[PDB]
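Below: one structure, written as structure tokens.
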Amino acid sequence: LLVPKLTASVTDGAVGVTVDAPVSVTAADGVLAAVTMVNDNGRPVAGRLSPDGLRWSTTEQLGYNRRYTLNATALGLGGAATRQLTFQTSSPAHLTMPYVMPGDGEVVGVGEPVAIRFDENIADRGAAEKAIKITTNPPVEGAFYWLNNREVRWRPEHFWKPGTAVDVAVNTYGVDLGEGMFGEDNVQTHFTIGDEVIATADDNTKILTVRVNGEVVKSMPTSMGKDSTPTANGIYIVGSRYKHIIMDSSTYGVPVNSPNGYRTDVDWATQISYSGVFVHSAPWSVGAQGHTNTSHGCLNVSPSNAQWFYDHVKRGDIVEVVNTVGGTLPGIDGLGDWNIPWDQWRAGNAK
Ligand SMILES: [Cl-]
């Protein structure tokens, strides 16, 4: 008596079908006998019928700018039912690829934010945020905030609890990110939070003290930025580490041969700001370390102490600078995320 009815996730003649989800067909008042899908060059598209015969779905990634033809047939006590559908998928103007930090499988400090950097400007930040799923164990609240037009960050209100597992899924393939920009591919990554490592550089004492889970493990005399080019106060996130690097002021916009310029080859350099602040070996300022500031901003320490820092501090650990004559590190520096107040971070800037 009842005839089968066929329902698809697309309609005949549709355009702009997005490829961020499989295409599916479902039968009612009956079961699907067979479903086929082919592309505009005639090639079959891989699919699977559910065991109960009621639901069919594509099983392989669908492509941008293709035309697909779907043919389904179902059987019921009333009789048979058949339909054909043709539709076209999104045709992007541009592609953008996301790049996620930290690396897959890494162990990082309690200050490490999730970073998703696209290689193009993102017109629809809301769509980007919606395609990124952050899972945490233990679960903890967090929020997105854009540092510039290409890079978005995600972090909780306070530093991570040690031992937290973090899973990141950037599912932008098939997502319209605005102005015809679509994701080139998806990215999946996982990382773990390690020990709590907080080094405090106190200008009042000119000592850099490293505390691991509350325990003082190292005290390093330091020479920070001189009065005319002081080290900014605030919370710094540890980034990359270098056995040696040539610090070049022109990288930060200051000509080398200008009054505040510098080019210096140094050892055991740990970067803590995009603005150019490093902890590094400074044999020339050992006597000043612990007494007077002499740098253009870097935390100068002894060779042995700089190497200790390199060996025992990891990406995402924290350096806090206090009591300098400087201002405060900008929240959008690149490693200054924690200087943005939570109320402002949580409200976000997706526009
Ligand atoms: Cl083909």
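Each chain in the structure tokens gets a letter, A, B, ..., in the order shown, and its residues are numbered from 1; ligands are numbered from 1 in order too.
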Surrounding residues of segment 46-62 of chain A excluding itself and chain neighbours under 4 positions, 12 Å, only C-alpha atoms, as a PyMOL selection string: chain A and resi 4-10+17-39+66-68+70-76+88-90+173-174+185-186
Output C-alpha atoms for every residue in that selection, as a PDB file, in the first residue's frame.
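Okay, part.pdb is ready:
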ATOM      1  CA  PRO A   4       8.896   4.245  -0.863  1.00  0.00           C
ATOM      2  CA  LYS A   5       9.957   7.864  -0.486  1.00  0.00           C
ATOM      3  CA  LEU A   6      13.523   9.015  -1.168  1.00  0.00           C
ATOM      4  CA  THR A   7      15.157  11.952   0.628  1.00  0.00           C
ATOM      5  CA  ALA A   8      18.580  13.352  -0.281  1.00  0.00           C
ATOM      6  CA  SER A   9      20.914  15.851   1.355  1.00  0.00           C
ATOM      7  CA  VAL A  10      20.932  17.769  -1.965  1.00  0.00           C
ATOM      8  CA  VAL A  17      26.822  22.318  -2.721  1.00  0.00           C
ATOM      9  CA  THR A  18      29.492  22.381  -0.024  1.00  0.00           C
ATOM     10  CA  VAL A  19      31.943  19.501   0.317  1.00  0.00           C
ATOM     11  CA  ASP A  20      32.400  19.762   4.105  1.00  0.00           C
ATOM     12  CA  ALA A  21      29.921  16.885   4.552  1.00  0.00           C
ATOM     13  CA  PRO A  22      29.096  13.660   2.731  1.00  0.00           C
ATOM     14  CA  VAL A  23      26.134  13.462   0.370  1.00  0.00           C
ATOM     15  CA  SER A  24      23.451  11.067   1.554  1.00  0.00           C
ATOM     16  CA  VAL A  25      20.160   9.479   0.485  1.00  0.00           C
ATOM     17  CA  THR A  26      17.557   8.078   2.898  1.00  0.00           C
ATOM     18  CA  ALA A  27      14.537   5.883   2.194  1.00  0.00           C
ATOM     19  CA  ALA A  28      11.170   5.904   3.977  1.00  0.00           C
ATOM     20  CA  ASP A  29       8.414   3.286   3.793  1.00  0.00           C
ATOM     21  CA  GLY A  30      10.921   0.881   2.265  1.00  0.00           C
ATOM     22  CA  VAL A  31      14.613   0.187   1.773  1.00  0.00           C
ATOM     23  CA  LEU A  32      17.257   1.305  -0.707  1.00  0.00           C
ATOM     24  CA  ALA A  33      18.106  -1.368  -3.236  1.00  0.00           C
ATOM     25  CA  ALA A  34      20.995   0.506  -4.876  1.00  0.00           C
ATOM     26  CA  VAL A  35      22.504   3.984  -5.074  1.00  0.00           C
ATOM     27  CA  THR A  36      25.126   5.192  -7.564  1.00  0.00           C
ATOM     28  CA  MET A  37      26.932   8.517  -7.932  1.00  0.00           C
ATOM     29  CA  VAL A  38      29.320   9.552 -10.712  1.00  0.00           C
ATOM     30  CA  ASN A  39      31.251  12.738 -11.474  1.00  0.00           C
ATOM     31  CA  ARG A  66      32.430  19.222  -9.985  1.00  0.00           C
ATOM     32  CA  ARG A  67      29.042  18.124 -11.291  1.00  0.00           C
ATOM     33  CA  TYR A  68      27.700  14.896  -9.771  1.00  0.00           C
ATOM     34  CA  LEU A  70      22.989  10.585  -8.187  1.00  0.00           C
ATOM     35  CA  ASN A  71      20.703   7.627  -8.964  1.00  0.00           C
ATOM     36  CA  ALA A  72      18.731   5.901  -6.223  1.00  0.00           C
ATOM     37  CA  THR A  73      16.144   3.130  -6.204  1.00  0.00           C
ATOM     38  CA  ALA A  74      14.117   1.766  -3.295  1.00  0.00           C
ATOM     39  CA  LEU A  75      11.578  -1.009  -2.790  1.00  0.00           C
ATOM     40  CA  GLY A  76       8.464  -1.219  -0.641  1.00  0.00           C
ATOM     41  CA  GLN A  88      27.258  21.139  -8.621  1.00  0.00           C
ATOM     42  CA  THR A  89      29.704  21.778  -5.781  1.00  0.00           C
ATOM     43  CA  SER A  90      31.314  24.992  -4.571  1.00  0.00           C
ATOM     44  CA  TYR A 173      37.823  21.746   3.674  1.00  0.00           C
ATOM     45  CA  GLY A 174      34.580  22.721   1.930  1.00  0.00           C
ATOM     46  CA  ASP A 185      42.462  20.712   3.456  1.00  0.00           C
ATOM     47  CA  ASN A 186      41.646  19.655   7.008  1.00  0.00           C
TER      48      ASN A 186
END
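The shell of residues at most 7 Å from residue 112 of chain A, with only C-alpha atoms counted and near chain neighbours (fewer than 2 positions) removed, consists of residues 108, 109, 110, 114, 237 and 316 of chain A.
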What residues have any atom no more than 10 Å from ligand 1 when counting only C-alpha atoms and all ligand atoms, and can you list them as a PyMOL selection string? chain A and resi 38-45+63+66
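Distances here use only C-alpha atoms; by that measure, the residue among A:97, A:322, A:279, A:344 closest to residue 201 of chain A is A:322.
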Please list as a ChimeraX atom specification every residue within 10 Å of residue 296 of chain A, counting only C-alpha atoms and excluding residues in the same chain fewer than 4 positions away. /A:224-231,249,260-262,276-277,300
Give me every alpha helix (DSSP H) residue in segment 134-332 of chain A, going by DSSP on the backbone, as an NGL selection string. :A and (303-312)
Please save C-alpha atoms of the selected residues as a CSV table (one decimal), in the first residue's frame.
chain,number,residue,atom,x,y,z
A,303,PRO,CA,76.6,31.3,28.9
A,304,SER,CA,76.0,28.4,31.3
A,305,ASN,CA,72.7,29.8,32.5
A,306,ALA,CA,71.5,30.5,28.9
A,307,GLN,CA,72.3,26.8,28.1
A,308,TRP,CA,70.4,25.7,31.2
A,309,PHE,CA,67.4,27.7,30.1
A,310,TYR,CA,67.7,26.1,26.6
A,311,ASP,CA,67.9,22.6,28.0
A,312,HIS,CA,65.2,22.8,30.7
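The list of residues with at least one atom within 9 Å of residue 121 of chain A, based on only C-alpha atoms and without residues fewer than 5 positions apart in the same chain, reads residues 96, 148, 149, 150 and 151 of chain A.
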Which one is closest to residue 317 of chain A: A:291, A:241, A:263, A:351? Count only C-alpha atoms.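 Comparing A:291, A:241, A:263, A:351 against residue 317 of chain A, the winner is A:241.
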Nearest to residue 154 of chain A among A:12, A:337, A:343, A:248, with distances taken over only C-alpha atoms: which residue is it?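 That would be A:337, the residue with the smallest distance to residue 154 of chain A.
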Given the choices A:136, A:204, A:189, A:292, which gets closest to residue 101 of chain A if the distance is worked out from only C-alpha atoms?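 With only C-alpha atoms as the atom set, the closest residue is A:189.
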Have a look at A:11, A:192, A:281, A:258 and name the one nearest to residue 111 of chain A; count only C-alpha atoms.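 Among the listed residues, the smallest separation from residue 111 of chain A belongs to A:192.
Using only C-alpha atoms, the shortest contact distance between residue 93 of chain A and any of A:315, A:183, A:164, A:115 is found at A:183.
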If DSSP is run on the backbone, what residues of segment 28-160 of chain A are strand (DSSP E or B)? A reply as a count of residues only would be ideal. 69
Residue contacts of residue 299 of chain A (7 Å, only C-alpha atoms) excluding same-chain residues fewer than 2 positions away, as a PyMOL selection string: chain A and resi 222-224+278-280+297+301
Save out the residues we just selected, C-alpha atoms, as a PDB file, in the first residue's frame.
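For reference, result39.pdb as written:
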ATOM      1  CA  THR A 222      70.349  39.044  34.312  1.00  0.00           C
ATOM      2  CA  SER A 223      70.945  42.305  32.445  1.00  0.00           C
ATOM      3  CA  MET A 224      67.735  43.424  30.720  1.00  0.00           C
ATOM      4  CA  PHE A 278      65.262  36.452  23.818  1.00  0.00           C
ATOM      5  CA  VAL A 279      66.920  34.827  26.793  1.00  0.00           C
ATOM      6  CA  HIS A 280      70.438  34.190  25.507  1.00  0.00           C
ATOM      7  CA  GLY A 297      65.493  44.299  25.401  1.00  0.00           C
ATOM      8  CA  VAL A 301      72.369  35.834  31.144  1.00  0.00           C
TER       9      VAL A 301
END
